[PDB]
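Analysis of the macromolecular model
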Amino acid sequence: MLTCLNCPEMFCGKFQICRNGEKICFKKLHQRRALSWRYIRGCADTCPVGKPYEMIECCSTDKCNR
């Protein structure tokens, strides 16, 4: 199994265990303002496509989006 964060905050501690169908996590921006503590973290199947300024990250490791 894999572990991925599930909180908008950067230095948070909220996460969940990803099950089948999603062996990779992702972390992108949700807004330019207050971005310091605003990000879309969650599980996924593969690197989700999107803009470059969306700070879209992809990885398959324990809290890789830490």
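Residues numbered from 1 in each chain as written, not as in the entry; some residues may be left out. Heavy atoms only, no water.

Here we look at the overall build of the protein chain
Counting its regular elements, the protein chain contains 0 helices and 5 strands. Taken from the N to the C terminus, the helices and strands of the protein chain come in the order β-β-β-β-β. C-alpha extents for the protein chain along the principal axes are approximately 35 × 25 × 15 Å. When burial is assessed residue by residue, the protein chain has 29% of its 66 residues classed as buried. (Helix = DSSP H or I, 4+ residues; strand = E, 2+ residues; numbered from the N terminus. Buried < 20%, exposed > 50% of the residue type's maximum accessible area, 1.4 Å probe, protein only.)

Examining the state of the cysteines
Tallied over the entire structure, the rule returns 5 disulfides. One disulfide bridge connects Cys47 with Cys58, the sulfur atoms lying 1.9 Å from each other. Where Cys47 bonds to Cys58 through sulfur, the torsion about that S-S bond is close to 65°, and the disulfide is right-handed. Here the residue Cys47 occupies a position in the loop between β4 (39-44) and β5 (57-59), and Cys58 occupies one in strand β5, the gap between them amounting to 11 residues. For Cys58, a relative accessible area of 26% puts it in the partly exposed group. (Disulfide = S-S within 2.5 Å.)

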